[PDB]
Each structure stands twice: as structure tokens, then as C-alpha cells.
Amino acid sequence: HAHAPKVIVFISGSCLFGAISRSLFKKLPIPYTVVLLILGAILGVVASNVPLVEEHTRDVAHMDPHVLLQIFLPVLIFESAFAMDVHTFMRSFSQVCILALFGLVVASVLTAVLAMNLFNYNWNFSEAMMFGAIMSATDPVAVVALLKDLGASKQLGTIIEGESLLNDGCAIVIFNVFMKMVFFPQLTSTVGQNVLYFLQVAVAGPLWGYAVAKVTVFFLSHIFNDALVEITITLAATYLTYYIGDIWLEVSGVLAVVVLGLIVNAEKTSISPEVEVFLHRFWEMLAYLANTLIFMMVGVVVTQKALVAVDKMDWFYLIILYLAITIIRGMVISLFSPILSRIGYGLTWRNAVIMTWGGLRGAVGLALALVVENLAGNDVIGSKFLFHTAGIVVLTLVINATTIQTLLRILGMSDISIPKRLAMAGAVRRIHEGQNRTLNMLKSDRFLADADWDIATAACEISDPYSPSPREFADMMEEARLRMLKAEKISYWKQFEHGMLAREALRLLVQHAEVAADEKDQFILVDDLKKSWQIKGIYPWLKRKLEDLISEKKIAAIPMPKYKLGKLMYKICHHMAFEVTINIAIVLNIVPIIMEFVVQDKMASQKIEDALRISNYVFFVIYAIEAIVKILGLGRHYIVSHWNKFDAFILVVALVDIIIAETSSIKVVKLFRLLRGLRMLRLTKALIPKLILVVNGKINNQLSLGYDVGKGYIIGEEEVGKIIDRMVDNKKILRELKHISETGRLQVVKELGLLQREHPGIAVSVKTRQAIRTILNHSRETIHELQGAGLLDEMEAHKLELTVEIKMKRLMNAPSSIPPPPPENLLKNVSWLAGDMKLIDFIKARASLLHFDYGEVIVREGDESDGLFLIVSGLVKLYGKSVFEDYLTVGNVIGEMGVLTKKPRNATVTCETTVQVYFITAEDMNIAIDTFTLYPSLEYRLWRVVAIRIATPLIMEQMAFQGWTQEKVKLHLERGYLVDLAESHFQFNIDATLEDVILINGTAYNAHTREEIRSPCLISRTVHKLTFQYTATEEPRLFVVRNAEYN
């Protein structure tokens, strides 16, 4: 009917035009957005002549400014923020801010002066500043897209993107400031009044955004199965942050959304992964809709209202303006180049050109132009604002956006590095080989013999998109160095693919490897990695100081009252419900404190101020009973704590002012100010624990990243060290490489072991978090394995896989600090004790806790193996000639092999810190071995623990070249078991059911050749059968792993 929404046809039609442009002009260098402007112009000219069409474009063309800003800008700004690589953005935050904020001011002011002097429009400074503001809002989406692939992607790409984000955010702020001075002027403004205005837009805005962000991520972390709720919460937070910010709080909405976008982006872990991928594609779609509409709207109104008021001179000014804003941006970048070069990633002269040429203008500039074109009404200023802004957008998108592709070439930035070319060629060649095998396999199929292979081969063709002498010695060294660093990069990627590394640690390690590859004679330096696990000094100090404030040890020392009258209260005094009730009462006291006092201020409603006085009586009564109960429970010791004395002062205030108030204006203001100022501050007692939790969280986030980088490096080095043994020939080179790897590994394992001592609880939290995450991951795999085998139905598989998903989400809410378990708990958790309560009691009764000081030697080489140590606290350094060094920390048990083979100790143990060890004597272990002999025998368990640790190096060395990482090998061995040579004193291999057989201890004879095999050897696949000697000196033990099919 006549009331039908006519914006539906325009909005939907805009989508179709966007699709058409985006499709047809996909290959041409001209960006599609230019075509949208042409189509908008066509709609404008045709609309002016055909009244029917005008009825459909009017509602959206002639659209109120506020509705333009309130709906579109939050989408554009949030989407831009939500799409950033925050981690890189933060690491270059200063460099972006200097160039964005200060650069924006100078760029706009210089443009403003140009507009005033050059143009004959006779604009004043306010209008010229609006012009400069809308002329300095960039939109480099087309340029960062190219930089994403070709080169210089990591640093340059995000710097231009972040700079554009911040200058867009600030340009709107400047535009808002100067628009009110032009279209909504005010009679007067004081200096102090303006300063408060600055604080609101510049300081309060970001704080409002930060508060809403931290509230949002809190709830998102507590939504477990509703994806729709997560998406809706994101939408509502984004729009309410802007609306409440601009309209109710009058703080800067755009900056609030910028901060909200960045915080929510950083806290992506709080969003379920499946939702995360949705949101990225969702906000992209919303931003794409916003761009398509704004460009078509400009195309419409520019022809209907703007081009009718354009003189020949205006065209001349547009060219001069385009040249000016281009050289101005370059001047700003160069001028700050000395500063920017000394922070973050310094700008090379070629990078500067990219930033200068890549400063495309776009939607935000146009959107703000439409506001002026609307507010100005019939004034020419509106038309000429829209004309120039549209002109600059067209010129930049025609000239800059098309030639940037060639400029990146001329500057020699698009070249693909040799490593990438080689990797792509190898991958393509392997794929090409993979298809030939598949193609042959199909040709043998009876049901596909008649298929047209000429077409099949042509269709499935993947094509490469990119198409002793010192001089001798140094050459191999450079070759080896690069062949090593390349291996590491692989080992990091393998770890990530198997969920062993967080993405951030992977990025750091790969970045360091790449940097080392570019430099000369450079390997990975741990000194560069240290920045990952160095805790900033502020946080430990804050944690210590805050924990001192609520120490309250002087209350814990208070004894029970000496008579029954106080005994009952004392119990209440230590019930959490008491403190919770008092806190709730206090926080409820805000309602009177605000309502009555603000009402009295307004009067300065008498019945309200008369009535609320009674609530003061009620809260006084509550606090009085609280004080009475506390004094009765504690007695004279009550006054000891400083927190209590503050409450005594508060009650003194209550008595004094409630009496005096009931009994000039000074008394009333005294009552109000004193009640408000004091009674709210006693919440800090309950607040401080939350601050401690926040601090823990900040430390945990840093320490966790440290462990990943440190542990990622160690595993990478361990894997590589068994590869270079066969990747390089020259022994001298080989020896030099491994020496560096070990001197790096020792530093990492030491420093990373000292952090645990500095922050015990946080370390335990981090580690238990890793433990759970690993368990769930491999728990997820079995579900896929069961699903893939068809052994479990798809719907049932999904039902299980949900419980894993919610479980992995609840990790993020786990406490940042777990109190370290006491020593007795460690014994309970030793690998070869778990579950055997009878054995645990036997050991716990005979384990003697010892304490050592720095530098003491627990055991020395050649000493008889008198027992084994479990390190419950500290860090010990092992230095054994069978040269070979290591550092062991909490949990690790020393001497497991010694008590079994009864052979002298292999390494000297020195304490790097104050160490505590549970010492179990060899005699006790022998007794335990003799007295605990069920199927999972203690001797069997001990050997199994040792066996795997001995086996893992052998299997790695034998199959490092293949695709298995360490975790896979260790799990692989986990399926194994030790054979009882008493059940059969000879072992017969079965190649179809035994995957690997390892000899751990004792000599074994080849049954046919009667060759003797040394103890730690990995039995070669060629051996058919083994015969074992029987001597007391070395009883032979053997480890085997069967195929999945149980024998």
C-alpha cells in the first residue's frame, strides 16, 4: 500500500549493484567502489527526471545526519577495529599514535589553511577545519589487502591499517567538535568549561568503551552453548556503546567503539571458536553494506544538489587540493621519520612512500561530507564540501588505488623470496604427483573406466601461482646455518598444528627465525626470546603490596574468647556470610547517599528529604550491630586491625552527625560530606582481593606466553638436533651447531625454571591449564577417530564433542593462581605411585623430607646409588661427564635408574636455589619392590617409567625425518609394555603386529646370526628372533609396541 517501506527496494537494490560491480570489475585494477559512484550518479540524473524513481531514492538519499552517523559509523569503526591484528598493533602502538594523532592534527590544519587561502569561498577557520578533518580520514582497505600477500606484510600492513583506524576515530572527534561551532554555536565558553569538554571526548570516551568491553567479555566468557546469544551480545554492546556514549553521556562514541573493538578482538579466546569465525564474516558483511550505501548515496545527492553549483574554478581547486593533501601526508611522514625510526619498526624510505601513496579516502570521509551537505541546507558550503570530498575519493581510487600495484613493483617490494618460491614449487610438484597416483588408481576402477580422462586431467591441474678452504668452509657454515633455521621454522609449525603452541608464541619464534636468516652468522639468541618471559616489574610489586594490605595476620593471631558470651560471636566473626552481608549493606547505602543528597542539592521535594532520614537510622543500626558483634567476638583485640579502627571512626561519625543533625548549614553539609566520603571507602577491603586477582591475571598472561616460547624453543631444538646429524656432513660444522643449541637450551630451561620459583602459584595454574588443554585435544581426536571409523554415529559424536568444547571454554575462567600443593601431594602424584594407596602409605611413612641450601651438593658422581630424590621445591643443576648438563625442577625425581641397576650415580646434583627433596632410601625401595608385586608391579612400573624416557630419543632419531613430533612418539610408546622373559626366555618378532621393539637394559643375541646386541639398541626390523642371556649383573628388559589390532 501507500505506507510500504520504500527503503527496502533501495537497500536491496544497492546490494545487487554492489554484487554486479564487485563481480564484473574483479580483474580490472579499478576498485568496484568507483563504479558504485557512477551508478549512484546515474540514479541521480534519472531520478531528477522520472518522479517514480525519485519516490524510492528520497527516503535514503535525503537521510537525516544523526541517523547516518548513529547507524553507519559504529559499523565502519567497529569492523575496522575488529579486523586488526591487535598483537602487532600493540607492539607498534606508539609508532601508530605519533603518526596518527599528531600527524592528523598537522595534516588537517595545513589543509584548513589551504582551504581558507587558496579557495575563494572565504571560509572561516571552523569551516576550514571541518574540511581538513573530513579530508584526512583514510580508508586503506584496498592497499592493506595487497600488502597482506606481496611483502612487508607483518609490520607495514598493520601500521597503515592502525594509523587509518586511529585517524578515522580522531577525525570524527575533530569533526564533531568543529561542527557544533559552525551549525550549533553557543554564546559563551569558559577555559575550565572547555577543558572538561576535552576530557569528556578525549579521556572519558575510551574509558567508557573499556568499561563496556570488560563487562562484555565477562558475560561472553560465561555463555557456553548459545551462539546466537554471543552474536546478539556483540551487536548490542557495539550499538549501545555508541548510542549511550554520544547521546546520554556525551562522551566520544567513536573512540569508545574503537576501544571496544580492540578489547573484544584481543579477548577473542572468550568467544567460542565457531562464533569467532562467524563474527569476522558478519562484521565484514555489515561494513560492506555500509560502504555500498554511502557510495551510492553520494552518487545520488552529488548529482541532484552538488554538481548544479560547481564552477569551472572548482575543478581547478580539486586538482590542487589533491596534490596538496598528497604532499602534505608525505611531509608529515618524513618530518616524523626521525622520531618514528627510533621506536617500533623504523620506516624505510620506501615504506614511507607506500604509506603516502596508499592513503586512500573512503566511506568515513564521504559520510561526514553528507552531514555537512545536509546541515548546511541551501548554503553553497554544503554543495562544495560534498563536491571536493567526492572528487578526492574518485581521484584517489582512480589514481592511487590502481597504480599502487605497479608502485609496489618499482620499489621492489613485490618480489617473492627464494624460500617461498621453493616451498611453493615443491608443494605443487608433490600435489602434481599425488594426482597421478590417484588418476592411475581410478583408471583401474571398473565403474569409472569410461570416464573422459582428457577432461578430468585438464580440470584438476593445479598450477604454481608464482610462475677446508675458508671461502668453502664459510659457505657450508652458511648453508648449515640456514638449513638449521629452516628446520626450526618447520618444527614450530608442526607444534602449532598439533595444538602444542599458542599462535602468539608461534609468531614470535618464526619471526626470530626469519630475522636470524636475514642476518649474517646469526642463530636464534635466547637473549632475544627473554623478552617473552620477563615479567614487568610493576606487577610483582603491586601483588606484594596489595597482599600486605589484606594480610590480616594480626587478626588470625587473636585467641578464642575466654568466656561463652563471646565464643558464639567469634564463630560468626569468621563466617563469610557476615562479611558478605556487611558488604551488601554498605553497597546498598549508596542509594540513600546519592538520592537524599542529590535531592537536597536540587532543593538548594521536602517530603523526600524528610523521609529518607530514616534510612540513615536503619543503616546506623546495621553498622552498630555489626560493631557490637565484632567487639563481642574478638573482645579487646578488636582494635588491633587498622580496618576495624576505620569502622570505629565511621561509627563515631554516625553518632556525632545523627545526634547533631537531629539537634546553621555547616552541620548539614558536614553530615552529607562525611557520610559520603567515609562510609563508601570501607568497600576497599573487599575490593583489594579482586585487584589481586586482576594482577595475577596480568602476570599469568605473560608467564604463560613465556612458557610457550621457552618450551617451544626447547622442543624445536631437540627435534632439529636429531635431524642435522644427517643433514650436514662436515663434523666440525655439526659439532659447532649442536654446541650452540645446547648452550641455548640450558639457558632456556634454567631461566624458565627460575620463574616457577618466583611465582609458584601462577606457574601451577599455567601448567595445569596446559595439562587440561592437552588432554582435551587428544580427547577430541579419539572422537574424530571413532567418527571416522563409523564406530560412533555422527550425532552422538557431535554430542560428545560439545562437552569437550564447553570444557575447553571453562579453562579461560579457571583461577589465575592455584596454591601450590603441599609436599605430600607430590608423592601421591608420582607416575609409579598413582592409585596404589597401600604403596603410597608405605612410601610416605619412609620418605624423609630434606632441606638444602644454595650451592650444596646433594649427590656426586660415582657415589653408590643409596636412594632417589623427589624435588618438591627448588632447582638443581646436573653436571655429569656421561660435558652433559641439565636442570631439573619441582616434580622431577632423580635416581630412578640408579636404584634399579644399582650402578654408581651418573651425574653430580648441585642446588641452584634453596632445594627441598623427598629422599627415599634404596633399602626402602628394595623392600617396596619385594612387597608390592601384583600385575602392575612396582618394579614393572619403575622400569616402564625409565623405559619410555630411554626409548623416546631412539625412536625420534630413527624417525625424526618423518612427520611425527615428540608428543606423537611418547603417546606411541605409551601403548607399549614390557615383556616378561620369564614367560618366554626368547622373543620372536612379528613384523605384521610389532611396530617397534626397543632393548632398554641387558644384552640380547640375534637368534640366527648369534650376534650380540648392546643394551640401549633399537632392535632392527630385519631381526626375526631374539635370545637373551640370564645373569644377575644385568637382567635384560625389553620394550615393545603392538599395532592397534590387539594380539
# chains A, B, ... in the order shown; residues from 1 in each chain; ligands from 1

call {"tool": "residues_around", "arguments": {"residues": "stretch 561-576 of chain A", "least_positions_apart": "3", "cutoff": "7 Å", "atoms": "only C-alpha atoms", "output": "VMD selection string"}}
result
chain A and resid 579 to 580 629 to 630 632 to 634

call {"tool": "select_by_dssp", "arguments": {"residues": "stretch 989-1021 of chain A", "states": "strand (DSSP E or B)", "output": "list in words"}}
result
residues 994, 995, 996, 997, 998, 999, 1000, 1001, 1004, 1005, 1006, 1012, 1013 and 1018 of chain A

call {"tool": "residues_around", "arguments": {"residues": "stretch 705-710 of chain A", "least_positions_apart": "2", "cutoff": "8 Å", "atoms": "only C-alpha atoms", "output": "number ranges by chain"}}
result
A: 501-502, 504-506, 508-509, 529, 532-534, 701-703, 712-714, 748-749, 752

call {"tool": "residues_around", "arguments": {"residues": "stretch 965-974 of chain A", "least_positions_apart": "6", "cutoff": "8 Å", "atoms": "only C-alpha atoms", "output": "JSON, numbers by chain"}}
result
{"A": [494, 495, 715, 719, 948, 951, 952, 955, 956, 1041]}

call {"tool": "residues_around", "arguments": {"residues": "stretch 445-457 of chain A", "least_positions_apart": "6", "cutoff": "12 Å", "atoms": "only C-alpha atoms", "output": "PyMOL selection string"}}
result
chain A and resi 432+435-436+438-439

call {"tool": "residues_around", "arguments": {"residues": "stretch 905-917 of chain A", "least_positions_apart": "6", "cutoff": "8 Å", "atoms": "only C-alpha atoms", "output": "MDAnalysis selection string"}}
result
chainID A and resid 849:865 869:882 895 898

call {"tool": "select_by_dssp", "arguments": {"residues": "stretch 536-571 of chain A", "states": "helix (DSSP H, G or I)", "output": "NGL selection string"}}
result
:A and (538-549 or 553-556 or 564-571)

call {"tool": "atom_distance", "arguments": {"atom1": "atom CA of residue A:384", "atom2": "atom CA of residue A:402"}}
result
26.1 Å

call {"tool": "residues_around", "arguments": {"residues": "residue A:301", "least_positions_apart": "5", "cutoff": "7 Å", "atoms": "only C-alpha atoms", "output": "ChimeraX atom specification"}}
result
/A:44,61,306

call {"tool": "closest_residue", "arguments": {"among": "A:256, A:537, A:642, A:69", "to": "residue A:370", "atoms": "only C-alpha atoms"}}
result
A:69
